[PDB]
Each structure stands twice: as C-alpha cells, then as structure tokens.
Ligand SMILES: Cc1cc2c(cc1C)N(C[C@H](O)[C@H](O)[C@H](O)COP(=O)(O)O)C1=NC(=O)NC(=O)[C@@H]1C2
Ligand SMILES: [Cl-]
Ligand SMILES: [Mg+2]
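In the deposited numbering, the protein residues as written are 178 to 312.
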C-alpha cells in the first residue's frame, strides 16, 4: 500500500504534503494524500481519493505549467513546477510540485509520488522568473 514505500515513510516523518497516484487506473487518480495536503487544500481524504490532482487547478492556473507536468509524465521525467492551485473554498495559493515515477524492478511505473510545498507570492514570482530566464 501507499505507506509501504520507504520514501513515503520518510516524507511522513517530516510532515510533508504529498500524494500518490495510480496510473494503472484510467486517468491516474490520487490513491493517497497526506494530512498536510488535506489541510492545505480543504478536502477530506475520502473525497480526494479517486480524483486526478488536476482538480486543484482553475482558471488562473497557467496552462503552460500544466503542460510541463503532462509532458514530464509522458516523457518519463522527474518534474518540478510552481503553479496556482485552488482550495475547496475557491481560495488560491502557489504550489511548488515535485513529481517522480515510482518504478518496479523492470522499469514499469507502478505509482507516481508528488510532493507539494505552499510557497509565497514573492517566491513563486522569483522561481517563475528564473525558470523563464533559464528557458
Ligand atoms: C503524483 C501527482 C501529484 C500531483 C499531480 C499529478 C501527479 C501524478 N498533479 C498534476 C496533475 O495531476 C496532472 O498531472 C497535471 O495537471 C498534468 O496533466 P493534465 O491535466 O492532463 O494536463 C497535480 N496538479 C496540481 O495542479 N496540483 C497538485 O497538487 C497535483 C500534484
Ligand atoms: Cl496525470
Ligand atoms: Mg473518493
């Protein structure tokens, strides 16, 4: 299960926000979310489970950031982005996402792990300016 991964245990001991998805199920839904993620977003665990995490996006989310995530998942790459997300009540926050594939012995992706850090507007600006300059 989700909490059997050693890196998940490690993340828990530091009270990180994270989610685990299951890409063997159509549309790669969330199958575990940590307490910090639930508090940050305003959803109960049961409500999150079964949703693709794109449910945190909304009209002011930059589709270019979302496309970077999509392509990373498609190309088998680790990906790090900052993008605007939305809580259950519609309020917004900047979310720094760190996503990686969890693989079996043969390279098959068996789950994805995504860590989330709420970041300040100032930090998001500077991150995104750096990303842009570095393109
Ligand atoms: C393990 C994992 C963790 C996250 C996420 C995905 C995975 C697989 N995503 C990214 C979305 O679920 C999704 O991959 C992106 O929106 C790109 O796919 P698209 O919507 O098909 O373009 C998230 N998008 C978000 O906007 N907010 C988040 O908190 C999650 C973290
Ligand atoms: Cl996805
Ligand atoms: Mg559910």
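Ideal Cβ placement from N, Cα and C applies to all residues, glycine included.
- Considering only 191, 197 and 218, the residue with the shortest C-alpha distance to residue 286 is 197.
- Within the same chain, Cβ atoms closer than 8 Å to the Cβ of residue 257 are found at 273, 274, 275 and 276, the five residues on either side in sequence being excluded.
- Within the DSSP bridge table, the entry for residue 294 names 273 as partners.
- Those residues that have a beta carbon less than 6 Å away from any non-hydrogen atom of ligand 3 are, in order along the chain, 223, 224, 226 and 227.
- Per DSSP, residue 183 is one residue of the alpha helix (DSSP H) stretching across 183 to 190.
- Residue 198 has its Cβ nearer than 6 Å to a heavy atom of ligand 1.
- Proximity annotation: ligand 2 has residues 205, 229 and 250 in chain order, each selected because its CB is closer than 6 Å to a heavy atom of the ligand.
- Residue 201 and residue 225 have their C-alpha atoms some 17 Å from each other.
- In the DSSP assignment, the residues bridged to residue 197 are 209 and 290.
- By the Cβ criterion, the segment 207 to 214 is not in contact with the segment 248 to 268, since fewer than three pairs of Cβ atoms, one from each stretch, lie closer than 8 Å.
- The Cβ atoms of residue 199 and residue 310 lie no closer than 7 Å to each other.
- Where residue 260 is concerned, the enclosing beta strand (DSSP E) starts and stops at 256 to 263.
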